[PDB]
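Asks: Here you go, one structure.
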Amino acid sequence: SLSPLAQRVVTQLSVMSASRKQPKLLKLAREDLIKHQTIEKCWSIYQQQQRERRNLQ
Amino acid sequence: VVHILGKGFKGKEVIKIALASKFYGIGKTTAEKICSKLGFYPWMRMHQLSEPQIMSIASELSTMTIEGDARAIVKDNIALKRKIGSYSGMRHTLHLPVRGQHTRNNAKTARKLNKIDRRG
Amino acid sequence: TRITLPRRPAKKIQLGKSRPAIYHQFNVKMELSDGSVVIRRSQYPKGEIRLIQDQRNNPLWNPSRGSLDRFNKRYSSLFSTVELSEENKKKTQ
Amino acid sequence: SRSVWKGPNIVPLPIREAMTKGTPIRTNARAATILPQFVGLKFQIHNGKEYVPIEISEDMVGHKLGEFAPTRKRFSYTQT
Amino acid sequence: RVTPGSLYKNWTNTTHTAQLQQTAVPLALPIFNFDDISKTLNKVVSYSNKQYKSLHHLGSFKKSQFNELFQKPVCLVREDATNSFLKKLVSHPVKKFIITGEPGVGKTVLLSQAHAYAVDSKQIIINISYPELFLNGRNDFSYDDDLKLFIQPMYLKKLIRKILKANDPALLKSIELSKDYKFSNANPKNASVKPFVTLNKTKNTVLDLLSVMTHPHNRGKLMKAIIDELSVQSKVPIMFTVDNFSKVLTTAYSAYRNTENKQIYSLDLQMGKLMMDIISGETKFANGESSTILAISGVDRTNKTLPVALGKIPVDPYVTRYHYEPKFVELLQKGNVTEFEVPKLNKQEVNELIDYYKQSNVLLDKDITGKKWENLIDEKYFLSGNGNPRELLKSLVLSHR
RNA sequence: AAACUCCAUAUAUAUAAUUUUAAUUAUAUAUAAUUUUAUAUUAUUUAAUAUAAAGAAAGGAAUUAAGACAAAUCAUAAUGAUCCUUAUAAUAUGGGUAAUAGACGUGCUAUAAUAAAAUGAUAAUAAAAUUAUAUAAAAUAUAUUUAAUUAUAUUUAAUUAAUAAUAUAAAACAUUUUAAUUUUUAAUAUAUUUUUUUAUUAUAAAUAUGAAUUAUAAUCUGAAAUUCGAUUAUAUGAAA
RNA sequence: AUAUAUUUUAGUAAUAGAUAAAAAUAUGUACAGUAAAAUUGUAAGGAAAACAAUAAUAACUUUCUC
Ligand SMILES: Nc1nc2c(ncn2[C@@H]2O[C@H](COP(=O)(O)OP(=O)(O)O)[C@@H](O)[C@H]2O)c(=O)[nH]1
Ligand SMILES: [Mg+2]
Ligand SMILES: [Mg+2]
Ligand SMILES: [Mg+2]
Ligand SMILES: [Mg+2]
Ligand SMILES: [Mg+2]
Ligand SMILES: [Mg+2]
Ligand SMILES: [Mg+2]
Ligand SMILES: [Mg+2]
Ligand SMILES: [Mg+2]
Ligand SMILES: [Mg+2]
Ligand SMILES: [Mg+2]
Ligand SMILES: [Mg+2]
Ligand SMILES: [Mg+2]
Ligand SMILES: [Mg+2]
Ligand SMILES: [Mg+2]
Ligand SMILES: [Mg+2]
Ligand SMILES: [Mg+2]
Ligand SMILES: [Mg+2]
Ligand SMILES: [Mg+2]
């Protein structure tokens with residue numbers, strides 16, 4: 001069917017592939033989703049501020 | 001039947017001799033030393049070994065530089081020889097006898113197995 | 001003649017359902033030639049590595065700052081500079 | 001001198017001048033043991049016919065110079 | 001590709017182990033008894049049934065002899081050789097002999113006769129035929145912690161069994177124990193029920209002690225206890241014997257290796273040390289008539305040791321350990337070993353042997369028919385080298401030249 | 001051609017203060033045989049067979065003619081003719097003569113049990129020959145916990161030799177072991193085969209043959225061992 | 001730590017993006033995008049394998065900020 005070299009190549013391919021290695025989707029509650037949004041938005045704002053500070057300097 | 005470190009062994013095979021025959025890193029003296037360390041009587045047979053004794057033998061083998069590791073050292077040396085523009089390395093590459101021999105006739109064994117990847 | 005792995009039917013990734021390849025990565029500490037440690041994410045399972053030949057001991061990266069070994073071992077009693085001076089007449093060449 | 005006692009096989013060379021200024025050492029010795037005192041010196045070792053240029057690496061330290069200048073040509077057969 | 005009936009062994013083994021003594025003439029010969037040697041002083045004599053039983057168990061009758069020639073192993077009594085030795089054994093205060101001589105002269109046969117005598121006179125016999133087994137490394141061994149020496153619990157077991165069987169139980173069970181003894185049990189029965197076997201002082205017996213069956217690591221302890229018991233008892237004589245003692249003398253270091261890879265010394269073993277102790281004035285037996293009878297074998301190596309031990313050569317100090325071990329000599333000197341040279345056969349004895357062989361029908365046709373008897377005897381004597389019995393026997397039977 | 005010759009043999013004589021001893025020898029000189037005699041049985045006085053009595057009496061070496069093969073050699077050496085004479089003459093340093101597809105001779109070692117290996121110190125039994133361009137004994141040290149073996153180193157005792165050394169000859173013979181081989185081992189019992197027997201359990205085509213090939217470490221000779229030498233050790237263990 | 005039973009995993013195989021000029025379904029429809037050449041480079045790579053880079057932001061919307 002397959003050689004040892006062929007097997008090893010397949011294994012190598014698998015290492016890179018998403019076949020049966022990835023978890024379930026990250027589902028959130030609506031409150032949790034909001035909390036996440038507020039975390040991200042605030043962070044983004046902070047990053048923008050920092051960029052402006054550096055740019056201004 | 002009596003397996004030890006992967007290598008199979010027929011019963012009634014004298015232990016030290018059997019070890020010498022099978023394992024690449026060890027000859028006569030080394031096998032005797034191992035037996036002495038473990039405390040088997042000389043001319044003890046492979047079938048007589050209990051399970052703890054077998055485990056102790058296996059451990060001793062693992063502690064020693066043997067089998068594949070020993071083979072690799074030899075391969076590494078020949079790779080090193082090849083790397084420098086050496087005569088010996090050149091002979092190894094070309095599958096000729098290395099040890100200052102004649103090759104007008106009778107150099108067949110060298111041709112057969114003087115590779116860079118030696119052992120098999 | 002051409003050595004290949006023959007393809008099976010491809011699995012249909014639906015539009016929107018495609019997920020990004022987040023590979024499994026460990027936080028790995030690299031101690032360089034000197035004692036400066038640096039954390040890097042790595043796919044191979046080894047929490048700690050210490051390096052021998054790095055930029056921090058290479059002369060190109062800091063200009064301002066075993067056959068030979070075997071030879072040294074088995075010509076040790078003689079102690080082999082003075083020896084160079086003794087054995088270096090530059091007439092013949 | 002092969003035997004560990006009484007070695008190595010030392011020969012006189014223009015070593016110090018080579019070390020000062022990169023002038024290759026044309027050796028017709030071929031039986032001089034390479035030393036740690038000349039790694040990274042350019043040697044031009046004799047081959048019978050023509051002198052052979054070599055830069056001595058740290059892997060060569062145990063060996064003779066003549067071991068790196070192969071005297072005979074690589075054999076072939078004219079398939080006629 | 002082998003059957004049960006077919007002979008697969010090499011020649012010497014075959015002759016020992018394939019019963020070709022089966023097809024042999026029954027011979028109504030006289031019986032060996034020391035009390036009636038005057039009757040059968042220079043005649044061939046079959047052993048008694050009891051003696052035979054004991055002797056076989058001990059291991060007196062050996063492979064390279066021509067015991068296959070007759071119904072059972074047979075010897076003759078000799079005034080110069082065997083009878084004289086017996087008298088010495090009876091009379092001497094020390095009673096401590098080493099049977100020396102040239103190869104094939106009849107040292108083992110002398111030993112067998114001595115054993116037979118001991119059996120007749122109600123004595124226990126501890127025979128060690130072939131010390132090569134315990135000395136050379138071809139059976140399990142272990143460093144005991146209590147006894148500071150290496151025990152050998154396959155050989156030891158066999159030796160114990162031989163002791164048990166060679167000797168009659170009535171003589172052996174007349175001995176009460178001096179001490180109590182705990183041992184590890186090793187029966188198929190009562191393994192879980194009885195973890196230990198206990199022998200009491202007055203109630204238990206030496207026979208019972210012998211019959212004990214322990215694990216290998218207690219076997220050496222058991223052996224030690226037995227020896228001690230035998231030393232203590234004064235009711236029965238103990239004949240100790242070691243044949244091929246030459247090997248023991250020469251092979252100073254055994255083939256066994258300790259934890260570090262180097263050869264174990266013979267005196268660091270259990271058996272060899274014990275034997276040496278028995279030889280010397282150290283494990284002294286309580287009873288009189290309790291002898292040690294050692295025997296050399298021409299098979300084994302020769303060197304300066306045994307001559308130096310005896311009154312033969314002055315002690316050269318510079319000769320090597322291999323060719324002269326001084327400890328062994330010292331030990332031999334300590335226990336006053338008076339050596340006994342086995343003399344070669346006389347003409348009359350040779351003639352008598354030849355006559356016996358003729359009666360049993362071993363002689364060839366060219367020897368018997370068309371030949372003077374006296375002349376034949378003289379020829380036989382000549383070819384043996386003036387009465388080497390084995391050589392003579394070989395010339396008679398194994399010649400075909 | 002044979003014979004005389006040499007070696008070897010048998011005998012005799014001589015010599016050797018039987019410590020240079022081996023007189024069981026060595027070496028000069030002889031003698032001895034290409035053996036002799038007789039009885040018979042076949043073929044024609046003899047010649048082969050047989051038998052007998054007399055003897056130590058039986059080999060090997062050198063010598064290979066004339067002619068021939070335009071056999072081999074101008075590379076042992078010499079000489080004719082011919083060619084080279086700053087080169088075809090002379091010296092040094094290195095390399096080569098040891099290259100490797102196939103092929104061809106000679107050998108060596110093998111492919112295991114009418115055959116291989118361990119061991120064998122009152123050291124089983126030889127001959128012939130070498131040692132002032134040397135032979136190297138005993139003994140110490142390391143490989144190697146005993147020591148022996150084998151190999152090196154250390155250092156030279158003896159003798160330039162019937163005196164000492166090379167050198168305890170080896171097969172032999174003896175004990176032990178030996179895979180292929182459940183044709184054995186080891187646990188139990190077993191017993192008048194006890195270095196062994198029987199019973200019942202477990203023991204499941206290159207080895208414990210061979211030594212090519214290679215790796216590393218040492219040693220030897222030499223001023224020098226890379227091409228390109230010889231040992232020893234630890235591994236490697238083709239083919240057959 | 002280990003034994004048995006009952007399960008669970010390991011068949012290890014690529015696209016992860018509405019993919020966009022390597023090759024592959026050549027007719028429908030829906031959505032989206034832009035090619036090529038030449039040039040400058042870069043491990044074997046060389047005139048010729050692959051990858052990268054190579055026209056202009058006025059005005060507008062949102063975000064942060066002086
Ligand atoms: N004394 C004696 N010996 C005999 C008699 N019959 C046979 N022998 C032989 O005695 C020999 C035993 O001699 P032994 O000394 O053991 O030989 P070793 O083993 O080489 O020492 C055997 O080989 C027998 O052939 C006998 O009646 N009397
Ligand atoms: Mg092996
Ligand atoms: Mg004997
Ligand atoms: Mg002539
Ligand atoms: Mg004499
Ligand atoms: Mg002629
Ligand atoms: Mg010609
Ligand atoms: Mg001619
Ligand atoms: Mg000429
Ligand atoms: Mg000339
Ligand atoms: Mg010239
Ligand atoms: Mg030649
Ligand atoms: Mg020839
Ligand atoms: Mg063989
Ligand atoms: Mg010596
Ligand atoms: Mg001499
Ligand atoms: Mg010898
Ligand atoms: Mg084959
Ligand atoms: Mg071999
Ligand atoms: Mg061999």
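Residue numbering restarts at 1 for every chain of the structure tokens, chains are lettered A, B, ... in their displayed order, and ligands are numbered from 1 as they appear.
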List as an MDAnalysis selection string the protein and nucleic acid residues near residue B:44, meaning an atom at most 8 Å away when only C-alpha atoms (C1' of nucleotides) are counted, but skip any in the same chain fewer than 3 places from it.
Replies: (chainID B and resid 14:15 40:41 48) or (chainID E and resid 138:140)
Asks: Tell me which protein, DNA and RNA residues are within 10 Å of stretch 10-24 of chain A, counting only C-alpha atoms (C1' of nucleotides), leaving out same-chain ones fewer than 6 positions away, and put them as a ChimeraX atom specification.
Replies: /A:2,4 /C:5,11,19-24 /G:12-14,16
Asks: Identify, on the basis of only C-alpha atoms (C1' of nucleotides), every residue whose closest approach to residue D:65 does not exceed 8 Å; exclude the query and any residue fewer than 6 positions from it along the same chain; express the result as a list in words.
Replies: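 Near neighbours after the sequence-gap exclusion: residues 29, 30, 31, 32, 33, 34 and 45 of chain D; 226 of chain F.
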Asks: With N, CA, C and O atoms (P, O5', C5', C4', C3', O3' and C1' of nucleotides) retained, write the just-selected residues as a PDB file, in the first residue's frame.
Replies:
```
ATOM      1  N   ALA D  29      56.485  18.510   1.768  1.00  0.00           N
ATOM      2  CA  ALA D  29      56.723  17.605   2.885  1.00  0.00           C
ATOM      3  C   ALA D  29      55.852  16.365   2.743  1.00  0.00           C
ATOM      4  O   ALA D  29      56.370  15.251   2.642  1.00  0.00           O
ATOM      5  N   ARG D  30      54.533  16.567   2.761  1.00  0.00           N
ATOM      6  CA  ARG D  30      53.528  15.487   2.692  1.00  0.00           C
ATOM      7  C   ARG D  30      53.508  14.489   3.867  1.00  0.00           C
ATOM      8  O   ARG D  30      52.569  13.695   3.968  1.00  0.00           O
ATOM      9  N   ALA D  31      54.521  14.523   4.735  1.00  0.00           N
ATOM     10  CA  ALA D  31      54.584  13.685   5.930  1.00  0.00           C
ATOM     11  C   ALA D  31      54.693  14.525   7.210  1.00  0.00           C
ATOM     12  O   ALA D  31      55.003  13.988   8.269  1.00  0.00           O
ATOM     13  N   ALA D  32      54.424  15.829   7.119  1.00  0.00           N
ATOM     14  CA  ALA D  32      54.398  16.700   8.289  1.00  0.00           C
ATOM     15  C   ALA D  32      53.008  16.616   8.897  1.00  0.00           C
ATOM     16  O   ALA D  32      52.015  16.790   8.186  1.00  0.00           O
ATOM     17  N   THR D  33      52.931  16.342  10.198  1.00  0.00           N
ATOM     18  CA  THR D  33      51.651  16.363  10.901  1.00  0.00           C
ATOM     19  C   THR D  33      51.143  17.794  10.978  1.00  0.00           C
ATOM     20  O   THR D  33      51.913  18.718  11.256  1.00  0.00           O
ATOM     21  N   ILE D  34      49.849  17.967  10.718  1.00  0.00           N
ATOM     22  CA  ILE D  34      49.188  19.251  10.921  1.00  0.00           C
ATOM     23  C   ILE D  34      49.141  19.497  12.425  1.00  0.00           C
ATOM     24  O   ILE D  34      49.015  18.555  13.208  1.00  0.00           O
ATOM     25  N   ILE D  45      50.252  22.073  -0.962  1.00  0.00           N
ATOM     26  CA  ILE D  45      50.945  20.801  -0.728  1.00  0.00           C
ATOM     27  C   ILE D  45      51.227  20.094  -2.050  1.00  0.00           C
ATOM     28  O   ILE D  45      50.376  20.088  -2.941  1.00  0.00           O
TER      29      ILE D  45
ATOM     30  P     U F 226      51.266   8.147   8.029  1.00  0.00           P
ATOM     31  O5'   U F 226      50.352   8.132   6.725  1.00  0.00           O
ATOM     32  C5'   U F 226      49.046   8.739   6.731  1.00  0.00           C
ATOM     33  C4'   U F 226      48.653   9.166   5.335  1.00  0.00           C
ATOM     34  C3'   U F 226      48.990   8.192   4.217  1.00  0.00           C
ATOM     35  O3'   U F 226      47.986   7.184   4.109  1.00  0.00           O
ATOM     36  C1'   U F 226      49.694  10.369   3.609  1.00  0.00           C
TER      37        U F 226
END
```
Asks: For stretch 17-26 of chain D, please output as a short mmCIF file (atom, residue, chain, number, x, y, z; two decimals) with N, CA and C atoms, in the first residue's frame all residues within 7 Å (counting only C-alpha atoms (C1' of nucleotides); exclusion window: fewer than 2 positions along the same chain).
Replies:
```
data_model
loop_
_atom_site.label_atom_id
_atom_site.label_comp_id
_atom_site.auth_asym_id
_atom_site.auth_seq_id
_atom_site.Cartn_x
_atom_site.Cartn_y
_atom_site.Cartn_z
N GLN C 93 60.97 27.62 1.12
CA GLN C 93 59.55 27.79 0.80
C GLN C 93 59.26 27.37 -0.64
N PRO D 14 57.88 27.92 6.60
CA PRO D 14 57.71 29.37 6.71
C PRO D 14 56.32 29.69 7.28
N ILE D 15 56.19 29.48 8.58
CA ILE D 15 54.89 29.52 9.27
C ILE D 15 54.58 30.92 9.76
N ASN D 28 56.44 20.68 0.18
CA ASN D 28 56.76 19.42 -0.48
C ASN D 28 57.05 18.34 0.57
N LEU D 41 45.79 28.63 8.02
CA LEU D 41 46.90 29.01 7.15
C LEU D 41 46.74 28.29 5.81
N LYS D 42 47.03 29.00 4.73
CA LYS D 42 46.91 28.44 3.38
C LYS D 42 48.16 27.64 3.06
N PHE D 43 47.97 26.35 2.76
CA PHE D 43 49.06 25.47 2.34
C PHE D 43 48.90 25.12 0.86
N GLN D 44 50.03 24.87 0.21
CA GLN D 44 50.07 24.47 -1.20
C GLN D 44 50.89 23.19 -1.30
N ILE D 45 50.25 22.07 -0.96
CA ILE D 45 50.94 20.80 -0.73
C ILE D 45 51.23 20.09 -2.05
#
```
Asks: What residues of the protein or nucleic acid chains come within 12 Å of ligand 12 when you use only C-alpha atoms (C1' of nucleotides) and all ligand atoms? Reply as a count of residues only.
Replies: 4
Asks: May I ask you to write as a PyMOL selection string all residues lying at most 10 Å from ligand 16, with only C-alpha atoms (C1' of nucleotides) and all ligand atoms counted?
Replies: chain F and resi 158-159+161-167
Asks: Throw together the list of residues within 10 Å of ligand 20, counting only C-alpha atoms (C1' of nucleotides) and all ligand atoms, and drop it here as number ranges by chain.
Replies: F: 109-110, 116-117, 209-211
Asks: Using the selection just defined, write its residues with C-alpha atoms (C1' of nucleotides) as a PDB file, in the first residue's frame.
Replies:
```pdb
ATOM      1  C1'   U F 109      42.517 -19.093   4.290  1.00  0.00           C
ATOM      2  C1'   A F 110      38.235 -21.196   4.549  1.00  0.00           C
ATOM      3  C1'   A F 116      37.698 -27.447  15.468  1.00  0.00           C
ATOM      4  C1'   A F 117      38.840 -24.824  20.060  1.00  0.00           C
ATOM      5  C1'   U F 209      31.683 -22.044  11.627  1.00  0.00           C
ATOM      6  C1'   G F 210      34.714 -18.319   8.791  1.00  0.00           C
ATOM      7  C1'   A F 211      37.585 -13.981   9.304  1.00  0.00           C
TER       8        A F 211
END
```
Asks: Around ligand 7, which protein and nucleic acid residues have at least one atom no more than 10 Å from it, if we count only C-alpha atoms (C1' of nucleotides) and all ligand atoms? List them as a list in words.
Replies: residues 69, 70, 71 and 72 of chain F
Asks: Could you please extract the residues within 10 Å of ligand 17, counting only C-alpha atoms (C1' of nucleotides) and all ligand atoms, and hand them back as a PyMOL selection string?
Replies: chain F and resi 120-121+123-125+168-170
Asks: Distance atom CA of residue E:390-atom 10 (O, counted along the ligand's line) of ligand 1, one decimal place?
Replies: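 If I compute the distance from atom CA of residue E:390 to atom 10 (O, counted along the ligand's line) of ligand 1, I get 5.4 Å.
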Asks: So, counting only C-alpha atoms (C1' of nucleotides), which residue among F:238, F:179, F:99, F:186 is closest to chain D?
Replies: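 Closest candidate: F:99.
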Asks: What gap, in Å, lies between atom CA of residue B:51 and atom CA of residue B:21?
Replies: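 For atom CA of residue B:51 relative to atom CA of residue B:21, the distance reads 21.2 Å.
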Asks: Can you tell me, as a ChimeraX atom specification, which residues in chain D count as strand (DSSP E) by DSSP?
Replies: /D:42-45,52-55
Asks: Write the selection just made, keeping N, CA and C atoms, as a PDB file, in the first residue's frame?
Replies:
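Dumped to result-v1.pdb:
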```
ATOM      1  N   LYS D  42      47.029  29.003   4.725  1.00  0.00           N
ATOM      2  CA  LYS D  42      46.912  28.440   3.383  1.00  0.00           C
ATOM      3  C   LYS D  42      48.164  27.635   3.058  1.00  0.00           C
ATOM      4  N   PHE D  43      47.973  26.350   2.763  1.00  0.00           N
ATOM      5  CA  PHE D  43      49.059  25.466   2.338  1.00  0.00           C
ATOM      6  C   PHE D  43      48.899  25.122   0.863  1.00  0.00           C
ATOM      7  N   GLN D  44      50.029  24.866   0.208  1.00  0.00           N
ATOM      8  CA  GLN D  44      50.071  24.473  -1.198  1.00  0.00           C
ATOM      9  C   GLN D  44      50.892  23.189  -1.298  1.00  0.00           C
ATOM     10  N   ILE D  45      50.252  22.073  -0.962  1.00  0.00           N
ATOM     11  CA  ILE D  45      50.945  20.801  -0.728  1.00  0.00           C
ATOM     12  C   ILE D  45      51.227  20.094  -2.050  1.00  0.00           C
ATOM     13  N   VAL D  52      49.017  21.753  -4.574  1.00  0.00           N
ATOM     14  CA  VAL D  52      47.569  21.730  -4.345  1.00  0.00           C
ATOM     15  C   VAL D  52      47.189  22.711  -3.230  1.00  0.00           C
ATOM     16  N   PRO D  53      46.310  23.694  -3.523  1.00  0.00           N
ATOM     17  CA  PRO D  53      45.953  24.695  -2.517  1.00  0.00           C
ATOM     18  C   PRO D  53      44.924  24.170  -1.512  1.00  0.00           C
ATOM     19  N   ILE D  54      45.226  24.308  -0.219  1.00  0.00           N
ATOM     20  CA  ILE D  54      44.346  23.845   0.865  1.00  0.00           C
ATOM     21  C   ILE D  54      44.357  24.851   2.020  1.00  0.00           C
ATOM     22  N   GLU D  55      43.173  25.122   2.573  1.00  0.00           N
ATOM     23  CA  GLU D  55      43.024  25.917   3.796  1.00  0.00           C
ATOM     24  C   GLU D  55      42.716  24.967   4.952  1.00  0.00           C
TER      25      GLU D  55
END
```
